[PDB]
>>> print(open('structure-v2.cif').read())   # mmCIF, C-alpha atoms
data_coords
#
loop_
_atom_site.label_atom_id
_atom_site.label_comp_id
_atom_site.auth_asym_id
_atom_site.auth_seq_id
_atom_site.Cartn_x
_atom_site.Cartn_y
_atom_site.Cartn_z
CA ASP A 398 2.52 -53.80 98.35
CA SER A 399 5.56 -51.59 98.92
CA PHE A 400 5.80 -47.79 99.06
CA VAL A 401 7.23 -44.76 100.90
CA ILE A 402 5.25 -42.31 103.03
CA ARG A 403 6.16 -39.93 105.85
CA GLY A 404 6.02 -41.02 109.51
CA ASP A 405 2.78 -39.26 110.44
CA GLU A 406 0.98 -40.97 107.56
CA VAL A 407 1.79 -44.50 108.68
CA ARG A 408 -1.42 -44.52 110.72
CA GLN A 409 -3.37 -44.04 107.48
CA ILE A 410 -2.27 -47.42 106.19
CA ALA A 411 -5.07 -49.26 107.93
CA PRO A 412 -8.77 -50.20 107.57
CA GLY A 413 -11.25 -47.40 108.24
CA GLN A 414 -8.77 -44.55 107.78
CA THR A 415 -9.09 -41.24 105.97
CA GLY A 416 -6.59 -38.65 104.77
CA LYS A 417 -4.52 -37.81 101.72
CA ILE A 418 -2.91 -41.23 101.64
CA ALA A 419 -5.87 -43.33 102.67
CA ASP A 420 -8.11 -41.54 100.16
CA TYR A 421 -5.95 -40.60 97.17
CA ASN A 422 -2.94 -42.92 97.21
CA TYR A 423 -3.29 -46.27 98.95
CA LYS A 424 -6.63 -47.52 100.21
CA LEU A 425 -7.18 -50.61 102.33
CA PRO A 426 -10.64 -52.26 102.51
CA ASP A 427 -12.61 -52.35 105.75
CA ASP A 428 -12.52 -56.16 105.64
CA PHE A 429 -8.79 -56.20 104.93
CA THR A 430 -6.90 -59.30 105.96
CA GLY A 431 -3.15 -58.91 106.12
CA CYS A 432 -0.27 -57.18 107.92
CA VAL A 433 1.04 -53.63 107.63
CA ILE A 434 4.77 -53.45 108.22
CA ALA A 435 6.74 -50.23 108.37
CA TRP A 436 10.16 -48.98 109.37
CA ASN A 437 12.09 -45.75 109.50
CA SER A 438 14.23 -45.29 106.41
CA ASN A 439 15.70 -41.85 107.16
CA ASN A 440 19.16 -43.21 106.37
CA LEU A 441 18.10 -44.36 102.90
CA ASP A 442 15.34 -42.18 101.51
CA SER A 443 16.51 -38.77 102.73
CA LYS A 444 19.25 -36.54 101.40
CA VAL A 445 20.79 -33.16 102.05
CA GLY A 446 18.79 -30.55 100.15
CA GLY A 447 15.72 -32.80 100.16
CA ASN A 448 14.76 -36.01 98.37
CA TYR A 449 12.10 -35.13 95.82
CA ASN A 450 11.84 -38.55 94.20
CA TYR A 451 8.96 -39.58 96.46
CA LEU A 452 5.58 -38.26 95.43
CA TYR A 453 2.05 -38.52 96.74
CA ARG A 454 -1.33 -37.53 95.38
CA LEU A 455 -2.66 -34.41 97.03
CA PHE A 456 -5.79 -33.82 94.95
CA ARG A 457 -8.31 -36.15 93.36
CA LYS A 458 -11.91 -35.93 92.14
CA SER A 459 -12.93 -38.80 94.40
CA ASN A 460 -11.61 -41.35 96.86
CA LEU A 461 -9.86 -44.50 95.67
CA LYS A 462 -11.38 -47.94 95.83
CA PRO A 463 -9.46 -50.55 97.88
CA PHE A 464 -6.21 -51.48 96.13
CA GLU A 465 -6.85 -48.99 93.31
CA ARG A 466 -3.71 -47.49 91.78
CA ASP A 467 -4.10 -44.06 90.16
CA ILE A 468 -0.93 -42.81 88.49
CA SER A 469 -2.37 -40.09 86.26
CA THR A 470 -0.99 -36.54 86.31
CA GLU A 471 -3.98 -34.69 84.87
CA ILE A 472 -4.60 -31.21 86.23
CA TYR A 473 -7.12 -31.14 89.06
CA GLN A 474 -10.06 -28.80 88.69
CA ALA A 475 -10.80 -27.17 92.03
CA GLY A 476 -13.15 -24.53 90.67
CA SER A 477 -16.00 -24.54 88.15
CA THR A 478 -13.82 -23.51 85.22
CA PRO A 479 -12.17 -26.19 82.99
CA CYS A 480 -8.37 -26.23 83.26
CA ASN A 481 -7.73 -27.56 79.76
CA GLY A 482 -4.45 -29.12 80.94
CA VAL A 483 -3.06 -25.81 82.21
CA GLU A 484 -2.42 -25.29 85.91
CA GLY A 485 -3.13 -21.96 87.57
CA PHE A 486 -5.89 -20.46 89.67
CA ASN A 487 -8.22 -23.26 90.80
CA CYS A 488 -6.17 -25.68 88.62
CA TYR A 489 -3.67 -27.77 90.53
CA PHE A 490 -0.97 -30.27 89.75
CA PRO A 491 -2.32 -33.36 91.59
CA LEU A 492 1.02 -34.61 92.93
CA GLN A 493 3.42 -33.27 95.54
CA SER A 494 6.81 -34.33 96.90
CA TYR A 495 7.74 -35.16 100.46
CA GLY A 496 11.16 -33.58 100.04
CA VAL B 2 14.52 -20.04 104.03
CA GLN B 3 17.29 -18.82 101.70
CA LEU B 4 17.35 -17.96 98.01
CA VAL B 5 20.77 -17.60 96.41
CA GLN B 6 21.14 -16.28 92.88
CA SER B 7 24.01 -16.28 90.41
CA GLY B 8 26.33 -13.32 89.91
CA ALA B 9 25.87 -10.35 87.57
CA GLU B 10 26.02 -10.78 83.80
CA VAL B 11 26.87 -8.55 80.84
CA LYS B 12 25.32 -9.39 77.48
CA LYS B 13 25.06 -7.86 74.03
CA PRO B 14 21.66 -7.13 72.42
CA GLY B 15 20.24 -10.27 70.80
CA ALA B 16 22.00 -12.49 73.35
CA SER B 17 20.35 -14.69 75.96
CA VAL B 18 20.94 -14.77 79.72
CA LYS B 19 20.19 -17.55 82.18
CA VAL B 20 19.83 -16.55 85.82
CA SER B 21 19.80 -19.29 88.44
CA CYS B 22 18.31 -19.34 91.96
CA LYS B 23 19.24 -22.03 94.46
CA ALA B 24 16.68 -22.55 97.20
CA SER B 25 17.13 -24.04 100.65
CA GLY B 26 15.46 -24.29 104.06
CA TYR B 27 12.13 -25.53 102.70
CA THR B 28 10.45 -28.12 100.49
CA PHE B 29 11.44 -26.86 97.06
CA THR B 30 8.46 -28.31 95.22
CA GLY B 31 6.04 -27.01 97.85
CA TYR B 32 6.27 -23.47 96.47
CA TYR B 33 6.12 -21.55 93.22
CA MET B 34 9.24 -19.76 92.12
CA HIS B 35 8.58 -16.32 90.71
CA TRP B 36 10.86 -13.94 88.91
CA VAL B 37 10.61 -10.18 89.33
CA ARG B 38 12.51 -7.56 87.35
CA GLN B 39 13.62 -4.11 88.47
CA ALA B 40 15.03 -1.75 85.84
CA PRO B 41 17.26 1.10 87.15
CA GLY B 42 15.14 3.86 88.69
CA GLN B 43 11.99 1.76 88.23
CA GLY B 44 9.69 -0.33 90.39
CA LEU B 45 9.14 -4.08 90.49
CA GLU B 46 7.75 -6.00 87.51
CA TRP B 47 6.47 -9.56 87.69
CA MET B 48 7.77 -11.81 84.90
CA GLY B 49 6.26 -15.22 85.57
CA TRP B 50 6.58 -18.35 87.69
CA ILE B 51 7.53 -22.00 87.58
CA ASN B 52 6.10 -24.86 89.64
CA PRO B 53 9.09 -27.25 90.21
CA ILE B 54 6.88 -30.27 90.89
CA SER B 55 5.70 -30.32 87.27
CA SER B 56 7.77 -27.52 85.78
CA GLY B 57 4.54 -25.87 84.69
CA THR B 58 4.94 -22.17 84.01
CA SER B 59 3.08 -18.93 83.50
CA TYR B 60 4.42 -15.70 82.07
CA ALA B 61 3.42 -12.06 81.93
CA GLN B 62 2.28 -11.02 78.46
CA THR B 63 5.22 -8.60 78.50
CA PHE B 64 7.81 -11.39 78.56
CA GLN B 65 5.80 -14.25 77.13
CA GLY B 66 7.56 -15.57 74.04
CA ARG B 67 10.96 -14.35 75.21
CA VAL B 68 11.34 -15.90 78.65
CA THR B 69 11.57 -19.59 79.48
CA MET B 70 11.63 -20.86 83.05
CA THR B 71 12.98 -24.24 84.07
CA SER B 72 13.96 -25.99 87.28
CA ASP B 73 15.84 -28.97 88.65
CA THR B 74 14.54 -30.38 91.92
CA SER B 75 17.60 -32.57 92.45
CA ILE B 76 19.63 -29.44 93.19
CA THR B 77 16.65 -27.35 94.28
CA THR B 78 17.49 -24.72 91.67
CA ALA B 79 15.25 -22.58 89.49
CA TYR B 80 16.32 -20.95 86.24
CA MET B 81 15.08 -18.02 84.19
CA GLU B 82 16.31 -17.66 80.63
CA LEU B 83 15.51 -14.41 78.84
CA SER B 84 16.21 -14.48 75.11
CA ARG B 85 16.51 -11.74 72.50
CA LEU B 86 17.83 -9.29 75.08
CA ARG B 87 17.30 -5.61 74.35
CA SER B 88 18.94 -2.53 75.84
CA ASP B 89 15.79 -1.87 77.88
CA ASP B 90 16.15 -5.25 79.57
CA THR B 91 18.94 -3.87 81.73
CA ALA B 92 17.64 -4.66 85.19
CA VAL B 93 18.12 -6.42 88.47
CA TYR B 94 16.43 -9.80 88.41
CA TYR B 95 15.09 -11.35 91.59
CA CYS B 96 13.78 -14.81 92.37
CA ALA B 97 10.99 -14.91 94.92
CA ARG B 98 9.01 -17.57 96.71
CA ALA B 99 5.23 -17.76 96.96
CA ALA B 100 2.72 -20.44 97.90
CA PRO B 101 1.03 -22.54 95.18
CA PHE B 102 -2.47 -21.69 94.00
CA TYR B 103 -3.96 -24.35 96.24
CA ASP B 104 -2.94 -22.55 99.41
CA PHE B 105 -6.08 -22.00 101.46
CA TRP B 106 -4.97 -18.67 102.92
CA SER B 107 -3.91 -17.15 99.60
CA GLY B 108 -0.17 -17.34 100.20
CA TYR B 109 0.17 -17.27 96.42
CA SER B 110 -1.02 -13.69 96.25
CA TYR B 111 2.29 -12.38 97.58
CA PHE B 112 6.00 -13.14 97.69
CA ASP B 113 7.34 -13.92 101.16
CA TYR B 114 10.99 -14.60 100.35
CA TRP B 115 13.38 -12.94 97.93
CA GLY B 116 16.89 -13.75 96.75
CA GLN B 117 19.63 -11.20 96.22
CA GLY B 118 19.11 -9.29 93.01
CA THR B 119 21.16 -10.28 89.98
CA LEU B 120 22.13 -7.44 87.69
CA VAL B 121 21.99 -8.07 83.96
CA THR B 122 23.41 -5.39 81.69
CA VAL B 123 22.45 -5.18 77.99
CA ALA C 348 -9.83 -17.74 120.88
CA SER C 349 -8.14 -19.53 123.73
CA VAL C 350 -9.41 -23.07 124.19
CA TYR C 351 -10.79 -22.27 127.65
CA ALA C 352 -12.80 -19.45 126.09
CA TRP C 353 -13.52 -20.84 122.64
CA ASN C 354 -15.44 -18.77 120.10
CA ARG C 355 -18.75 -20.00 118.70
CA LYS C 356 -19.93 -18.77 115.31
CA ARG C 357 -23.54 -19.50 114.35
CA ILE C 358 -24.08 -20.26 110.66
CA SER C 359 -27.53 -20.20 109.05
CA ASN C 360 -29.55 -19.36 105.92
CA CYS C 361 -26.75 -20.06 103.42
CA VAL C 362 -25.16 -22.51 100.99
CA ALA C 363 -22.50 -24.66 102.60
CA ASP C 364 -19.82 -25.98 100.27
CA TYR C 365 -17.74 -28.38 102.34
CA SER C 366 -15.63 -29.56 99.42
CA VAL C 367 -13.66 -26.34 99.47
CA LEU C 368 -12.55 -27.22 102.98
CA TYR C 369 -12.31 -31.00 102.62
CA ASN C 370 -10.32 -31.00 99.40
CA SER C 371 -7.93 -28.38 100.76
CA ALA C 372 -4.26 -29.26 101.08
CA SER C 373 -3.87 -26.81 103.93
CA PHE C 374 -5.39 -28.81 106.78
CA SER C 375 -3.59 -31.53 108.73
CA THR C 376 -6.71 -32.87 110.40
CA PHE C 377 -10.18 -33.25 108.94
CA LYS C 378 -12.18 -35.82 110.86
CA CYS C 379 -15.96 -36.13 110.49
CA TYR C 380 -18.22 -37.88 112.97
CA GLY C 381 -21.78 -39.04 112.38
CA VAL C 382 -21.38 -38.05 108.75
CA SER C 383 -19.22 -38.82 105.72
CA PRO C 384 -16.87 -35.99 104.61
CA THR C 385 -17.81 -36.71 101.00
CA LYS C 386 -21.58 -36.64 101.51
CA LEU C 387 -21.71 -33.26 103.23
CA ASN C 388 -22.72 -31.38 100.09
CA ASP C 389 -25.77 -33.62 99.74
CA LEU C 390 -27.09 -32.76 103.19
CA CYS C 391 -29.16 -29.95 104.71
CA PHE C 392 -28.88 -28.82 108.32
CA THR C 393 -30.98 -26.63 110.60
CA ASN C 394 -27.84 -24.90 111.80
CA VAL C 395 -24.06 -25.13 111.76
CA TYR C 396 -21.85 -24.01 114.61
CA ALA C 397 -18.22 -23.22 113.94
CA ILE D 2 -4.96 -3.10 86.84
CA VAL D 3 -3.13 0.05 87.98
CA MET D 4 -1.77 0.39 91.51
CA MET D 5 -1.02 4.01 92.35
CA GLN D 6 0.91 5.00 95.46
CA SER D 7 1.06 8.41 97.11
CA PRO D 8 2.94 10.55 97.93
CA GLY D 9 5.78 9.76 95.54
CA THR D 10 8.09 11.11 98.25
CA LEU D 11 7.42 11.14 101.98
CA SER D 12 9.64 13.21 104.24
CA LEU D 13 9.43 13.44 108.02
CA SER D 14 11.57 13.10 111.15
CA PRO D 15 12.57 9.80 112.83
CA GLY D 16 10.38 9.01 115.83
CA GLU D 17 7.29 10.33 114.05
CA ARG D 18 4.47 8.50 112.27
CA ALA D 19 4.19 8.00 108.51
CA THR D 20 1.21 7.00 106.41
CA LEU D 21 1.65 5.53 102.94
CA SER D 22 -1.31 5.18 100.59
CA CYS D 23 -2.04 2.86 97.64
CA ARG D 24 -5.08 3.30 95.42
CA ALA D 25 -6.44 0.77 92.97
CA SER D 26 -8.13 1.44 89.63
CA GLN D 27 -10.54 -1.33 90.62
CA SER D 28 -11.57 -3.10 93.81
CA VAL D 29 -8.93 -5.40 95.26
CA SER D 30 -9.61 -8.18 97.74
CA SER D 31 -7.92 -7.45 101.04
CA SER D 32 -6.45 -10.94 100.87
CA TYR D 33 -4.58 -9.97 97.70
CA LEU D 34 -2.95 -6.73 98.87
CA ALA D 35 0.63 -6.71 100.15
CA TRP D 36 3.30 -4.18 101.12
CA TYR D 37 7.05 -4.49 100.54
CA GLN D 38 10.11 -2.63 101.87
CA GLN D 39 13.21 -2.15 99.76
CA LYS D 40 16.36 -0.70 101.28
CA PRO D 41 18.96 0.73 98.84
CA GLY D 42 21.11 -2.05 97.38
CA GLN D 43 18.83 -4.75 98.81
CA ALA D 44 16.06 -7.04 97.58
CA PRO D 45 12.44 -6.22 98.61
CA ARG D 46 11.12 -7.87 101.74
CA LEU D 47 7.52 -8.57 102.69
CA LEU D 48 6.05 -6.42 105.44
CA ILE D 49 2.30 -6.77 105.17
CA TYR D 50 0.14 -9.36 103.44
CA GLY D 51 -3.60 -9.80 103.29
CA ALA D 52 -3.88 -6.00 103.67
CA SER D 53 -3.17 -6.09 107.41
CA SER D 54 -1.13 -9.16 108.42
CA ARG D 55 2.51 -8.74 109.39
CA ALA D 56 5.12 -11.00 107.85
CA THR D 57 7.34 -13.03 110.15
CA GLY D 58 10.24 -10.96 111.47
CA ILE D 59 8.43 -7.65 111.00
CA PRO D 60 8.23 -5.23 114.00
CA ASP D 61 4.80 -4.36 115.40
CA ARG D 62 5.54 -0.76 114.47
CA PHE D 63 4.27 -1.73 111.03
CA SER D 64 0.59 -2.18 110.31
CA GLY D 65 -1.69 -2.19 107.30
CA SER D 66 -5.37 -1.61 106.69
CA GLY D 67 -7.93 -0.88 104.01
CA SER D 68 -10.27 -2.46 101.49
CA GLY D 69 -11.70 -2.01 98.03
CA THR D 70 -9.64 0.61 96.23
CA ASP D 71 -7.99 2.29 99.22
CA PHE D 72 -5.19 0.68 101.26
CA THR D 73 -2.61 2.15 103.60
CA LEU D 74 0.63 1.24 105.36
CA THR D 75 1.37 2.88 108.69
CA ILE D 76 4.65 3.16 110.56
CA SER D 77 3.81 4.21 114.11
CA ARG D 78 7.37 5.28 114.88
CA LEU D 79 10.03 5.67 112.23
CA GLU D 80 13.51 4.33 112.83
CA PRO D 81 16.59 5.13 110.65
CA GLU D 82 16.09 1.76 108.93
CA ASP D 83 12.56 2.67 107.86
CA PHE D 84 13.67 5.37 105.45
CA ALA D 85 13.43 3.13 102.40
CA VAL D 86 11.24 2.57 99.35
CA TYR D 87 7.87 0.96 99.91
CA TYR D 88 5.71 -0.81 97.37
CA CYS D 89 2.12 -2.02 97.27
CA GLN D 90 1.40 -5.25 95.42
CA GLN D 91 -1.83 -6.73 94.14
CA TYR D 92 -2.83 -10.14 92.88
CA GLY D 93 -5.61 -10.82 90.42
CA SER D 94 -6.38 -12.13 86.94
CA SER D 95 -3.58 -14.67 87.47
CA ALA D 96 -1.06 -11.83 87.59
CA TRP D 97 0.97 -9.89 90.13
CA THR D 98 1.16 -6.10 89.87
CA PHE D 99 3.31 -3.65 91.81
CA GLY D 100 2.81 0.07 92.39
CA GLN D 101 5.46 2.58 91.34
CA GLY D 102 6.79 2.73 94.89
CA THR D 103 7.27 5.63 97.30
CA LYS D 104 10.40 6.79 99.09
CA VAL D 105 10.41 7.50 102.86
#
>>> encode(input="structure-v2.cif", output="structure tokens")
Amino acid sequence: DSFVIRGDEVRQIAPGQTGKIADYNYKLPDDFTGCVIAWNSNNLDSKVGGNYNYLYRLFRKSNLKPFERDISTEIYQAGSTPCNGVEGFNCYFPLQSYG
Amino acid sequence: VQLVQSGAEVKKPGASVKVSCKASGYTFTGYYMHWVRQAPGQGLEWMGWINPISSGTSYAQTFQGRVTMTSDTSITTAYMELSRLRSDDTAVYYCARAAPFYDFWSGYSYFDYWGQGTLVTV
Amino acid sequence: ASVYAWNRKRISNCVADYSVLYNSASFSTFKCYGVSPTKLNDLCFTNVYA
Amino acid sequence: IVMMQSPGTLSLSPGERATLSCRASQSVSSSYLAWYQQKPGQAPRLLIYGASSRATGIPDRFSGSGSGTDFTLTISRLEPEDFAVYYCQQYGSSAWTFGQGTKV
């Protein structure tokens, strides 16, 4: 399974972790068997002005199951009022860029 | 944090104007880009905003139906296009940065950075 | 407050919605001990100290 | 909503204190009230947000306070660069509203 995250989030790619990546993007099972390999790619995945082609999920109704892949872009309801697909107060776009 | 807008424009009534705003010094998609108008001798009027991550927008009822906002994250630039220009649209147009609605400490309630005003004459 | 003289706020007799805090994008650390961060709204406490 | 500032014009000597007022037609959360400074020929800059919090780069000569429908901006000592137009700004109902502005 290959993907890009920022340095501080590398620790989240492990069993028993929590956080925006562990919970909403890429979840590993507590009984995971395997190896997590990472390297700095600042010379590839960064650009002047900011590289906005790498996204992560910031909001979700619930945590992901192990190896679940959620790629929806539906507006997240933070409040008690239905968003009806329109972002605004208490209605968030679920993804964000690393830049 | 810097916001750099295009130069002044002169348009005839019925024409459309597109004002750009290039952002730098921050994560472009991490903030909303707002546009604020200031007619000569008048105060500041909020027009609307765009959220570059999705290009979702919201407009003031005053401009809704005439103004379209777009953005391009690859060049961290926001655009505001105001159509059907009238003589009373002569104003200095500013781009301004504010936090997204999910900011815990309500950074969306105000504009912390402004670009240089761009004068549009109609 | 300074860490050597930290400030304790006693919280009682109220409704505690912890999802507002947990689902916030504005915090870099949110680590719960002795309790799941997603079960907090199902629990009742005799007091909360902030 | 209507945000009404007063006085329309404020005139006093450098080195003295000035008080600028902004009244709301309805209650405004302190978290949603901001003050801006606009020098002639320049874009507005943020001075105060959240009713009382100074923006980064703003001198401690500037302070704000208030709640409900009555907010103020205070300049403890006026410098030549403080003789500009000030605005109050409110957020609510998914909209941003500015006052008419006052000139110092």
>>> atom_distance(input="structure-v2.cif", atom1="atom CA of residue 33 of chain D", atom2="atom CA of residue 67 of chain B")
27.7 Å
>>> atom_distance(input="structure-v2.cif", atom1="atom CA of residue 389 of chain C", atom2="atom CA of residue 406 of chain A")
28.8 Å
>>> residues_around(input="structure-v2.cif", residues="residue 98 of chain D", least_positions_apart="3", cutoff="9 Å", atoms="only C-alpha atoms", output="list in words")
residues 45, 46 and 47 of chain B; 2, 3, 4, 89, 90, 91, 92 and 93 of chain D
>>> residues_around(input="structure-v2.cif", residues="residue 417 of chain A", least_positions_apart="5", cutoff="10 Å", atoms="only C-alpha atoms", output="list in words")
residues 406, 409, 422, 423, 453, 454, 455, 456, 457 and 460 of chain A; 370, 372 and 375 of chain C
>>> write_last_selection(input="structure-v2.cif", atoms="C-alpha atoms", output="compact mmCIF listing (two decimals), in the coordinates of the input")
# COMPACT_ATOMS: atom_id res chain seq x y z
CA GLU A 406 0.98 -40.97 107.56
CA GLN A 409 -3.37 -44.04 107.48
CA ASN A 422 -2.94 -42.92 97.21
CA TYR A 423 -3.29 -46.27 98.95
CA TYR A 453 2.05 -38.52 96.74
CA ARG A 454 -1.33 -37.53 95.38
CA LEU A 455 -2.66 -34.41 97.03
CA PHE A 456 -5.79 -33.82 94.95
CA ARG A 457 -8.31 -36.15 93.36
CA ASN A 460 -11.61 -41.35 96.86
CA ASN C 370 -10.32 -31.00 99.40
CA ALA C 372 -4.26 -29.26 101.08
CA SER C 375 -3.59 -31.53 108.73
>>> resolve_selection(input="structure-v2.cif", expression="the PyMOL selection byres ((chain A) within 12 of (chain D))", output="list in words")
residues 484, 485, 486, 487 and 488 of chain A
>>> residues_near_point(input="structure-v2.cif", point="(1.1, -5.0, 108.7)", cutoff="10 Å", atoms="all atoms listed in the file", output="PyMOL selection string")
chain D and resi 35-36+47-56+59-66+73-76
>>> write_last_selection(input="structure-v2.cif", atoms="C-alpha atoms", output="compact mmCIF listing (two decimals), keeping the file's coordinate frame")
# COMPACT_ATOMS: atom_id res chain seq x y z
CA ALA D 35 0.63 -6.71 100.15
CA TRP D 36 3.30 -4.18 101.12
CA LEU D 47 7.52 -8.57 102.69
CA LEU D 48 6.05 -6.42 105.44
CA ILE D 49 2.30 -6.77 105.17
CA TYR D 50 0.14 -9.36 103.44
CA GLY D 51 -3.60 -9.80 103.29
CA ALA D 52 -3.88 -6.00 103.67
CA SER D 53 -3.17 -6.09 107.41
CA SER D 54 -1.13 -9.16 108.42
CA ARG D 55 2.51 -8.74 109.39
CA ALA D 56 5.12 -11.00 107.85
CA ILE D 59 8.43 -7.65 111.00
CA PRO D 60 8.23 -5.23 114.00
CA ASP D 61 4.80 -4.36 115.40
CA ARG D 62 5.54 -0.76 114.47
CA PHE D 63 4.27 -1.73 111.03
CA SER D 64 0.59 -2.18 110.31
CA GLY D 65 -1.69 -2.19 107.30
CA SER D 66 -5.37 -1.61 106.69
CA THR D 73 -2.61 2.15 103.60
CA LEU D 74 0.63 1.24 105.36
CA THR D 75 1.37 2.88 108.69
CA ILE D 76 4.65 3.16 110.56
>>> resolve_selection(input="structure-v2.cif", expression="the PyMOL selection byres ((chain B) within 9 of (chain A))", output="ChimeraX atom specification")
/B:24-31,52,54-55,57-59,74-77,101-103
>>> write_last_selection(input="structure-v2.cif", atoms="C-alpha atoms", output="short mmCIF file (atom, residue, chain, number, x, y, z; two decimals), keeping the file's coordinate frame")
data_model
loop_
_atom_site.label_atom_id
_atom_site.label_comp_id
_atom_site.auth_asym_id
_atom_site.auth_seq_id
_atom_site.Cartn_x
_atom_site.Cartn_y
_atom_site.Cartn_z
CA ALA B 24 16.68 -22.55 97.20
CA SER B 25 17.13 -24.04 100.65
CA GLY B 26 15.46 -24.29 104.06
CA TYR B 27 12.13 -25.53 102.70
CA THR B 28 10.45 -28.12 100.49
CA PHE B 29 11.44 -26.86 97.06
CA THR B 30 8.46 -28.31 95.22
CA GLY B 31 6.04 -27.01 97.85
CA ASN B 52 6.10 -24.86 89.64
CA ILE B 54 6.88 -30.27 90.89
CA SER B 55 5.70 -30.32 87.27
CA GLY B 57 4.54 -25.87 84.69
CA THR B 58 4.94 -22.17 84.01
CA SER B 59 3.08 -18.93 83.50
CA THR B 74 14.54 -30.38 91.92
CA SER B 75 17.60 -32.57 92.45
CA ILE B 76 19.63 -29.44 93.19
CA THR B 77 16.65 -27.35 94.28
CA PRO B 101 1.03 -22.54 95.18
CA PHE B 102 -2.47 -21.69 94.00
CA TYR B 103 -3.96 -24.35 96.24
#
>>> residues_near_point(input="structure-v2.cif", point="(15.5, -14.7, 74.2)", cutoff="10 Å", atoms="only C-alpha atoms", output="mmCIF file with C-alpha atoms, keeping the file's coordinate frame")
data_model
loop_
_atom_site.group_PDB
_atom_site.id
_atom_site.type_symbol
_atom_site.label_atom_id
_atom_site.label_comp_id
_atom_site.auth_asym_id
_atom_site.auth_seq_id
_atom_site.Cartn_x
_atom_site.Cartn_y
_atom_site.Cartn_z
ATOM 1 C CA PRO B 14 21.660 -7.130 72.420
ATOM 2 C CA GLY B 15 20.240 -10.270 70.800
ATOM 3 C CA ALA B 16 22.000 -12.490 73.350
ATOM 4 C CA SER B 17 20.350 -14.690 75.960
ATOM 5 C CA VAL B 18 20.940 -14.770 79.720
ATOM 6 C CA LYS B 19 20.190 -17.550 82.180
ATOM 7 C CA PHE B 64 7.810 -11.390 78.560
ATOM 8 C CA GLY B 66 7.560 -15.570 74.040
ATOM 9 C CA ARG B 67 10.960 -14.350 75.210
ATOM 10 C CA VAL B 68 11.340 -15.900 78.650
ATOM 11 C CA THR B 69 11.570 -19.590 79.480
ATOM 12 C CA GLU B 82 16.310 -17.660 80.630
ATOM 13 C CA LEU B 83 15.510 -14.410 78.840
ATOM 14 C CA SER B 84 16.210 -14.480 75.110
ATOM 15 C CA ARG B 85 16.510 -11.740 72.500
ATOM 16 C CA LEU B 86 17.830 -9.290 75.080
ATOM 17 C CA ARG B 87 17.300 -5.610 74.350
#
>>> closest_residue(input="structure-v2.cif", among="C:358, C:348, C:397, C:368", to="chain B", atoms="only C-alpha atoms")
C:368
>>> closest_atom_pairs(input="structure-v2.cif", of="chain C", to="chain A", cutoff="10 Å", atoms="all atoms listed in the file", output="tab-separated table")
residue	atom	partner	partner_atom	distance
C:366	CA	A:475	CA	9.1
C:367	CA	A:475	CA	8.0
C:369	CA	A:416	CA	9.8
C:370	CA	A:456	CA	6.9
C:371	CA	A:456	CA	8.2
C:372	CA	A:455	CA	6.7
C:375	CA	A:416	CA	8.7
C:376	CA	A:416	CA	8.1
C:377	CA	A:416	CA	7.7
C:378	CA	A:415	CA	7.9
C:379	CA	A:415	CA	9.7
C:384	CA	A:415	CA	9.5
C:385	CA	A:459	CA	8.5
>>> write_last_selection(input="structure-v2.cif", atoms="C-alpha atoms", output="short mmCIF file (atom, residue, chain, number, x, y, z; two decimals), keeping the file's coordinate frame")
data_model
loop_
_atom_site.label_atom_id
_atom_site.label_comp_id
_atom_site.auth_asym_id
_atom_site.auth_seq_id
_atom_site.Cartn_x
_atom_site.Cartn_y
_atom_site.Cartn_z
CA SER C 366 -15.63 -29.56 99.42
CA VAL C 367 -13.66 -26.34 99.47
CA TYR C 369 -12.31 -31.00 102.62
CA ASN C 370 -10.32 -31.00 99.40
CA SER C 371 -7.93 -28.38 100.76
CA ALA C 372 -4.26 -29.26 101.08
CA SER C 375 -3.59 -31.53 108.73
CA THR C 376 -6.71 -32.87 110.40
CA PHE C 377 -10.18 -33.25 108.94
CA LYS C 378 -12.18 -35.82 110.86
CA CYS C 379 -15.96 -36.13 110.49
CA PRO C 384 -16.87 -35.99 104.61
CA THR C 385 -17.81 -36.71 101.00
#
